[PDB]
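One chain comes next, on its own, written out as structure tokens in the form deposited without the named molecule.
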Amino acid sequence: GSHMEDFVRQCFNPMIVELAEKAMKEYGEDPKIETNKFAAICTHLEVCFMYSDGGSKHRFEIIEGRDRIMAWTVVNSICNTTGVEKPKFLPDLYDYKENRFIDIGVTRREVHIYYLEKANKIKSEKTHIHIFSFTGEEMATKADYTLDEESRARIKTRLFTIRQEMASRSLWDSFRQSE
């Protein structure tokens, strides 16, 4: 029973905590042991869902947070109906307005460093990328940031808040040097 674990269960809502536990268990992992990863997955969940909440009613299909199998089903539905190309790696969202898959990144390193790694690693010329840090920085594909500024602003705020709560508990350094 780490401090970190109990911190995550206080910090994130129960639905996010449960989706993340499920995601971890599905790819082999334990939330009680790998607790920095548990916090990171919760974070990435929250951001993805805050992000889908920007923009209008029907704008995004939400991929993250589903079962791996159902997530691919929906990806296939969107591919087979928009003509858009089937990505190699699961994305987080689909943008019905701009007609692209998006993968949201949350990082404890230089926005720059994480962007290149996902770009090379996604090896998917058409999927859009949008990174946020715990520092207020963001980088997006084609400098095209999808949402208006106040929706991204509140994500950035939320992340700095998570960073502070962690630090006030002396879990931040560990969290940062776990990535």
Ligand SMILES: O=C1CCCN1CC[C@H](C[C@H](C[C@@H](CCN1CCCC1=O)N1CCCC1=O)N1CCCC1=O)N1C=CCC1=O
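When you see a residue number, it is the position in the sequence shown, counting from 1.
Only in words, not in the display: the form deposited with the named molecule bound, which the text now covers.
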Non-hydrogen atom within 4.5 angstroms of the named molecule in the deposited bound form for each of 15, 53 and 65: yes
Distance check, residue 145 to the named molecule in the deposited bound form, heavy atom within 4.5 Å: no
Residues from 108-133 in contact with the named molecule (non-hydrogen atom within 4.5 Å) in the deposited bound form: none
